[PDB]
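Because only heavy atoms are used, hydrogens play no part in the values below, and waters and symmetry mates are left out as well, while side chains stay in. Just so it is clear: chains get the letters A, B, ... in the order the sequence lines come, proteins before strands, and each one is counted from 1.
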There are 6 protein chains.
Amino acid sequence: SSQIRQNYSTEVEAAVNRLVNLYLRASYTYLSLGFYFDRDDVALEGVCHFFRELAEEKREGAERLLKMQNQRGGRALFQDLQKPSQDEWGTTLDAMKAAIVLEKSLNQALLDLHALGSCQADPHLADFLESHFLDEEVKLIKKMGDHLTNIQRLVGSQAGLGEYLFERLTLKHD
Amino acid sequence: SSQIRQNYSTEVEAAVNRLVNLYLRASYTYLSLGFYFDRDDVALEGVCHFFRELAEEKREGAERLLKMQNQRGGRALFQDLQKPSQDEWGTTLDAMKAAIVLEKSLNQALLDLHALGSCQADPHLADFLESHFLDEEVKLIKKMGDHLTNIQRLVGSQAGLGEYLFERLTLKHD
Amino acid sequence: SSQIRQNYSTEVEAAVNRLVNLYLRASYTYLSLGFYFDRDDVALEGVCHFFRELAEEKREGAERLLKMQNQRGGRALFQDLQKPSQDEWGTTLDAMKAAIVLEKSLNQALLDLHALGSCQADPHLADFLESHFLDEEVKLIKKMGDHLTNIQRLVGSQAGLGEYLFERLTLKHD
Amino acid sequence: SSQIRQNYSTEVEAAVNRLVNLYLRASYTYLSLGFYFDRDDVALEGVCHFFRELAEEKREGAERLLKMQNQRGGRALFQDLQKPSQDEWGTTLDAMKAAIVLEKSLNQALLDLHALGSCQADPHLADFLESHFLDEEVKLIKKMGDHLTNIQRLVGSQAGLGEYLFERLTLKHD
Amino acid sequence: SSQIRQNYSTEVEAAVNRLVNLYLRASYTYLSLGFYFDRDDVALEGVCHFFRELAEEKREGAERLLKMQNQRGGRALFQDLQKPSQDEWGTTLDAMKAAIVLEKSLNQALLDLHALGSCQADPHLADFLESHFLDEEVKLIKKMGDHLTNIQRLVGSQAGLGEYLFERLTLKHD
Amino acid sequence: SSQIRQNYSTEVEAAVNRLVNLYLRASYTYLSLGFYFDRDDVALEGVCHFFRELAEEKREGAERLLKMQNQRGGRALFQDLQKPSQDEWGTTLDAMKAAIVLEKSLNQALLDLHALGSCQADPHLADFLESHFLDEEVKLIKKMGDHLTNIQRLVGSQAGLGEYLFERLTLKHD
Ligand SMILES: *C1=CC(=O)N(CCNC(=O)c2cccc(O)c2O)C1=O
Ligand SMILES: *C1=CC(=O)N(CCNC(=O)c2cccc(O)c2O)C1=O
Ligand SMILES: *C1=CC(=O)N(CCNC(=O)c2cccc(O)c2O)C1=O
Ligand SMILES: *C1=CC(=O)N(CCNC(=O)c2cccc(O)c2O)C1=O
Ligand SMILES: *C1=CC(=O)N(CCNC(=O)c2cccc(O)c2O)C1=O
Ligand SMILES: *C1=CC(=O)N(CCNC(=O)c2cccc(O)c2O)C1=O
């Protein structure tokens, strides 16, 4: 703004910019996961699709946060997007564990920003997160956990066979 | 879980299990109310329908709570369902008063769990209740109060005639 | 009633109330089974769906029994619903065995009530059970037995893999 | 009520009546703005439409607040509606500045009532405001600010020409 | 204007502004009536709907008057809207009597303005009122009188029963 | 691969990874441009849309490059995405100049990679670029140049008025 800004603290404004960076980094990590599973020597198309769709979801979250920054009169500021933590992601099990770790770290950042906004008596911020992010993250984390249990069930013995079956029979593919 | 659980206190987990029990008990009480009004010596079909639909609503609430328990990584635990407080429910007026008492007790339990979750800095829980339960209860309680006033208006004099008219002209029936 | 009651013994009236309780307890047991399989550390969606649909079927049976109680002029009386026998249900095999045990106990109660009604020369009761319950139970018990054999075939060796395949390829899921 | 009222403080009840008055006063101010721009010596049809639609929006907000007062068992009490602050509203720029001032004052009243309700542990009130008012106000204030910037851009030089172009090319008209 | 004003006296211009105020005050009185009948301790939905629709009709009349003020080149001037005469409105009979009193006072103001305009040889004003207001008021007053007679017929004896029947069987409701 | 890789040099593989980084950096720069023009103190919706659509186009280019990396048996490797060169982007003219600079730098990188691939006798790479990138860049650069000329024509005198008109009459908006 400063023509529209009202009840929007500098602390929240900066934390929103940080959360945009976290969501875009998550979207980048998922881009990397997706194309790893499209390698000809990995070749699990369902897994690739699963992570490519999450890359899109996380970019959308970032964009909603940026829209909101501007609705409140804050200034979007971008930082570098750190490269993902790995160049190769292992098995579907390794990948799904890394994804759940990533999601829990995003969820904690959401929770932290909600607490700041509730502290700052910023109910628009708090409801924004409640309405568009918190349940999306709980639903995604539950789906990931369900996947992890199924993958684990499958790859106790006959790990190859189990990885193929999960990709074929649980994950969406052509 | 414990693979997905995050920011979900044992206190909230137990209170959610208790609230499931309260909703299922309410659904049972409404089952009983419904079939009481289907007796050939009571025979108020609109009233029966009204309570049978509330039995379904309260079971749905319980099921949403149980879904949520699992989304958060808590463990659903069931207790006995206590039989309803009465075997015979009197007149439509008596029944509607009992229903409003029941609803207010469910609403207070919701309010209590919201307070616990807000105390515990559990905004997913608080929003879950706000989004799916609190306004449903306020709307139902208002409808019940509107009914009670109409029933009372009718059964001051000519109590039989008034009970019949309310069932015929206010409540949904075939 | 007592304006409509005809050829409807106190013994049958009480046994019908007991059978309503048994069906509602079975529906509760299936609720518990269903949500157990929705746990993130169990995560067998087909199995959850299978038991949640049986919860609905058993509640419907109870409701038909209650309708019938009132059609005959008897008085519905509700008792407590005892909590299910277990809080955690083990593997799909354990669960399906428990379900078959439960069904056989409901079937025996049906058979017992049919015998009482035939003894009491109550052909409406006997036909009611024949028409709406006995073949439903035989068909369900046969489906359960078919499932049990398939589960057993699968989990002799590679128990995880087999549990996943059964849920994926036999049970209805999204 | 007092048959339905639960967890609804006298402080909130009175503040809701005050907020109804503020919304209806805002709707009146917008009525005046609208018809000012319909004057033959002002004659900016888009601007008239813009303010007449806001008059309707603010009346709708008041009506939702009054519905809610009754849902909670409070008593609606009306006060006079003070005449708008001006009889003539100047240029589109003057008018849009006055509108943003008005909106910010409504938003602050919303924020104030949210704080009271959160203080009073009234989560239905707080969610009611979050769900139906706070983001509507943030979205409207942002649209007004976007308009103000465009109007300002236009009327630096050639103020007549710029006022006409904004009305023609930004605002909805026939 | 003063570019368009022709044959439009200052006396008529001021009386039109006064009549706008009277119509908006009537619309406010009807808002209050409407929400009174939506109270849970009043609870006559047809009556609420009846008065809420009249609130809309009276606002529309005010808006047509304001449009006309501007068509003729007069200047709309707004005054405060006085709060309604009562905070609680009694029975349907009391309310309908108050409404007929209100309508007759609006009708007299219309008649008075018609006389002024005919005196001033302002046939556009006179026809405007004839075409859009006078018969609308006569039709509404007749409907109110028909209602009053029916309410009176009903609440001679068994006043509660009669109030319920009128709302149910005469007034439009869901 | 290395099961599928054929005629695909390490030099091309690395240059493709670099070009992915350049396209994703361009997409990030356009994200920033887009949200700058959505600021309430900038407020040029057409310009925002124009840059947000380019953010999507550049991400799509990166994704096609990554698909191709894997089709050829190379290994995608991601680096950090450097933050954009500016935090605030000035006027539409400044922004469009920065965009043309950015595009020309991407085009040169395409040309450079084409030369490498033609040097390496890698006709699949060369045709891939010819078919999916080179004419897309020439068409975009021409559109940008057409825009720049129009913006310049407009903001010689009356820079505000001209910026508004270009956004309104050239760029796609709601
Ligand atoms: C330090 C600031 C402060 O007041 N405090 C509380 C903020 N509130 C919450 O974290 C919270 C969480 C969930 C629901 C609520 O309604 C709620 O207030 C701090 O953290
Ligand atoms: C004891 C725990 C605590 O902090 N305290 C406050 C919890 N907050 C609320 O009850 C409440 C109610 C409605 C809206 C809110 O935003 C809100 O924080 C306790 O009860
Ligand atoms: C004790 C009461 C009595 O008479 N006796 C027989 C009831 N009949 C049956 O059990 C039966 C079962 C299946 C078909 C029939 O037609 C039928 O009579 C007792 O159990
Ligand atoms: C004085 C009453 C009180 O407890 N205190 C806090 C009320 N809470 C908030 O204002 C608030 C704002 C935004 C989100 C929340 O969750 C929240 O509790 C007072 O103002
Ligand atoms: C004082 C002004 C004047 O001339 N006089 C008459 C106005 N005319 C009427 O009141 C009237 C009413 C109905 C139909 C007509 O055609 C008509 O002229 C005054 O009141
Ligand atoms: C150094 C490698 C080499 O041979 N040399 C030529 C590559 N060819 C081209 O750059 C080119 C450009 C456009 C169309 C062609 O058909 C074509 O060969 C080097 O740069």
Side-chain angles (χ1 to χ4, degrees), chain A residues 44-47 49-51 53-54 57 91-108 111 134-171 173-174, chain C residues 30-55 86-99 143 146-171 173-174:
Chain A
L44 294 162
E45 180 189 303
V47 183
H49 181 73
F50 176 80
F51 292 129
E53 162 69 24
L54 288 176
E57 294 178 17
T91 63
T92 307
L93 181 52
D94 292 323
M96 197 65 64
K97 285 179 171 166
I100 285 169
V101 168
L102 178 58
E103 294 300 331
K104 289 173 161 175
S105 75
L106 293 182
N107 196 218
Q108 187 61 54
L111 293 176
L134 298 188
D135 194 47
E136 300 295 302
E137 281 302 302
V138 160
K139 288 182 304 180
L140 178 61
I141 296 164
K142 174 63 159 68
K143 175 115 281 186
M144 292 179 168
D146 296 345
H147 286 348
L148 181 57
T149 295
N150 280 286
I151 291 161
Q152 295 161 324
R153 192 143 52 214
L154 284 163
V155 296
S157 184
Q158 309 294 52
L161 168 63
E163 252 199 309
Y164 176 78
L165 287 167
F166 181 77
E167 180 269 343
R168 291 283 91 180
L169 297 183
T170 292
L171 301 177
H173 56 75
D174 307 313
Chain C
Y30 291 129
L31 180 74
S32 177
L33 278 158
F35 279 98
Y36 170 79
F37 284 98
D38 181 63
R39 289 174 63 72
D40 75 94
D41 63 2
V42 181
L44 294 162
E45 180 189 303
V47 183
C48 169
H49 181 73
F50 176 80
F51 292 129
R52 294 197 61 194
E53 162 69 24
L54 288 176
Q86 312 183 195
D87 296 322
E88 300 182 271
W89 301 96
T91 63
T92 307
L93 181 52
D94 292 323
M96 197 65 64
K97 285 179 171 166
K143 175 115 281 186
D146 296 345
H147 286 348
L148 181 57
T149 295
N150 280 286
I151 291 161
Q152 295 161 324
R153 192 143 52 214
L154 284 163
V155 296
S157 184
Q158 309 294 52
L161 168 63
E163 252 199 309
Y164 176 78
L165 287 167
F166 181 77
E167 180 269 343
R168 291 283 91 180
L169 297 183
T170 292
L171 301 177
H173 56 75
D174 307 313

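Contact of the C/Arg168 side chain with the A/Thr170 side chain is registered, since non-hydrogen atoms from C-beta on lie closer than 4.5 Å.
Closest approach of C/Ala43 and A/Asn150 over heavy atoms only: O-ND2, 2.9 Å. For the pair A/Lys142 and C/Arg39, the tightest heavy-atom approach, listed with the atom from each and the gap, is NZ-C, 4.3 Å. Between C/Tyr164 and A/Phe166 the shortest heavy-atom distance is OH-CA, 3.4 Å.
Between C/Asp40 atom CG and A/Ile141 atom CD1 the span is 11.0 Å, to the nearest 0.5 Å. To the nearest 0.5 Å, atoms NE2 (C/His173) and CG (A/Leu169) are separated by 7.5 Å.
Within a 6.0 Å radius of NZ in A/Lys104, other residues, nucleotides and ligands contribute more than 12 heavy atoms.
No donor-acceptor distance shorter than 3.5 angstrom exists from the side chain of A/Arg153 to the backbone of C/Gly162, with no hydrogens or angles considered.
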Worksheet entry | Pair C/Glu45-A/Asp146, side chain to side chain contact (heavy atoms under 4.5 Å, CB included): steps then yes or no | CA-CA 9 Å; C/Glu45 180 189 303; A/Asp146 296 345; over 6 Å; no
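Both the backbone and the side chain of A/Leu165 come within contact range of chain C, each with at least one heavy atom under 4.5 Å from a heavy atom of that chain.
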